[PDB]
Structure formats: structure tokens, C-alpha cells
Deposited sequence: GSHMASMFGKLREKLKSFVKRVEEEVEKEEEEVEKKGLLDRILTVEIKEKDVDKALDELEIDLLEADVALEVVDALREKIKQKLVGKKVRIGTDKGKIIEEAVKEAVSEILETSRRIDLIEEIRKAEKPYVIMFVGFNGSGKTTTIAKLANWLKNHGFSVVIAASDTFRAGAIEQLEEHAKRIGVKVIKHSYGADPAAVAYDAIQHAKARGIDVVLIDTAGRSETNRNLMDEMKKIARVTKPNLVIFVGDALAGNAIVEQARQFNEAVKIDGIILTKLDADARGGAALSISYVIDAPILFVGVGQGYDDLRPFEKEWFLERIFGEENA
């Protein structure tokens, strides 16, 4: 339940190599892994795995399995499957990890966090849930409603924020996004508020280019942290989405929403490696505590079942 397509293709690679070892102590032949890896590349490409992740996986798996001897009679599966597990693990932990709580505590207040992402990414609810998480840890929070052309989205943010006791700074419909965020930062300075979260637009407006707007807000607010948020069910999209954003304003961390429904998993496996930024939180449900700090070992076990 989760990552089925990715898991099934990884298992099919283990079984192919195991066949070669059966027909065949014996040694695992490079020619045999090369062939099976060619089939795996086809499968992973169709499962939304980025090429550079496919290439890194080939490199790691080859280096781990070529030269290896299967003591005749033992359990092949686990030797081969152990190389694959290690390869996958290594591509997850490439990005330098970030301890949000320690970064905030040690920083001069307010710690300001800018969110980027396209509409449908789950950005607005993520911000409310993160505000709640921060408060449960003893931090005060204020939210800047800089998504100024979506009255509906702001109403929804306002309703979630009232419930958990965090203030939303907003101006009138169509206001300048950067002015709203700068306003929230001043308000936070005056009240000794620990963290400012910036809710941004997720689509261009008439003569207001999305990437240009993100650069302006970044220049105006000088964020401590830029977080990309992406919808895991949009497999064929999130990685290219994060590439565009990263190109306008460097991404520090990633949050993936609706991960519990992600039956594929190639994009989720790839994004951290490609963007070179750690996954900080995963959304795994519709309740507030359904935003969990990312746990590598939990992720790995969901991939391998």
C-alpha cells in the first residue's frame, strides 16, 4: 500500500538476477547484471524515475554486486536484494539534512520561511499544518497571506489558522504580494514572534510572471529557508516543477503532500537527489498531525514492503 509500481519493478530486477544465479559457490557476472539493469532502466523510466537517479542506481548496484559470490545453497534473494536496498538508501540520503527546530532556536527572530509551489501542490494546508507543528514545539508563528488573487484559498487558510491560534496578515484582494510579506515580518518584529511563514501564489497572473514574483518576494523578505511543496500524485510533474523554482530561487527543503495515496513512487524517490535538498516533511493524511517529519527508514520500508 504505497509505492507499488516502484517496488514491483525493483523486485522484478532481483528475480531476474536470481534466475541467472540459479541457471548458473558461483559468482555474479557483470554481463548478467548489465542486462537485467537495462530492463530495470526501462521500467524505472516508465515509473517517473529521473534519468540521473536511474544512472546513480545502476552505478551503485553494479559496484555492489559485480565480483560477488553466492555460496551455493544459501539464499540468493537477500544478497541481491541487499545491494538494491543499499543503493536506494544512498540516493535518499544524498542531501545534507536540516534540523528545523535547532535552526530556528539558534537564529535571530523572526525566522522567515518562504514556500514555493504550483496550485494544487497542497501548499496552503501544508502551511497551516506546519504552523501547528511549530506551536506544539513552543514557537510563536505568524502567516503572511501573499497569495493575494485567491480569495477562496485565503478564507481556508484563515479558518485553519484561527483554530490553532495563529494570526494571518492579509491585505485586500489583488494586493502586492511582497508588501504583504514585509508587513507580516514587521508585525512579527513588534510582537516578538518566532517564525513567519509566507504563503505564495501558485500561478501567474495577467502581466505578473510567477518566477519573477518569487524573486521579488525573496529579495524583499530575505527568507532563512525556502521550502518547495509538491503533490506526490503528480508523478510526471513535481521534479520539473521543483527544477523551475530552484532556478529562480534556491530550494532548501521539500515537502511532499498526499504521499499515502502515491501508488507509483518514482518521482518521490527522485526529487531530493535531483534538487539536492532534503525532504523535511511528508503529508500522509488529512489531519493536522498527518504532516510528519520525514523519516528515511520509514520511507525505505514503505518502498520495499
Missing CA stretches, deposited numbering from 1, N-terminus first: 1-5, 30-43, 325-328
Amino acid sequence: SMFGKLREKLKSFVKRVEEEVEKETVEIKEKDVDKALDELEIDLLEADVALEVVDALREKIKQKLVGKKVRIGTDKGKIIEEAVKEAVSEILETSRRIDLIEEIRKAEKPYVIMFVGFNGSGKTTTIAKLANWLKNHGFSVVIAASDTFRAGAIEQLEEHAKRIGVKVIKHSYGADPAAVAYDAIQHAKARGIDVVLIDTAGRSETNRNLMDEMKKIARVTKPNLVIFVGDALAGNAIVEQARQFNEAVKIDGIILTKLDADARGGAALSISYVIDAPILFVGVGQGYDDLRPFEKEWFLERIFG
From here on, numbers count along this sequence of modelled residues.
Mean temperature factor over C-alpha atoms, higher-scoring stretch between 200-208 and 118-126: 200-208
Which of 144-152 and 89-97 has higher mean CA B factor, as the PDB entry lists it: 89-97
Candidate set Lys106, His137, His187, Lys167 [ranked by C-alpha B-factor, highest]: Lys106
Out of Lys258, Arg58, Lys68, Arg243, highest CA B-factor residue: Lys68
Third assignment of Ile28 from its chain's C-alpha B-factors: highest
Modelled-residue ranking by C-alpha temperature factor, third containing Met2: highest
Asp176 - Cα temperature factor, lowest/middle/highest third of chain: lowest
Ranked against its chain, the third holding the CA B-factor of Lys76: highest
Third of the chain's Cα B-factor distribution that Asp194 belongs to, per the entry: lowest
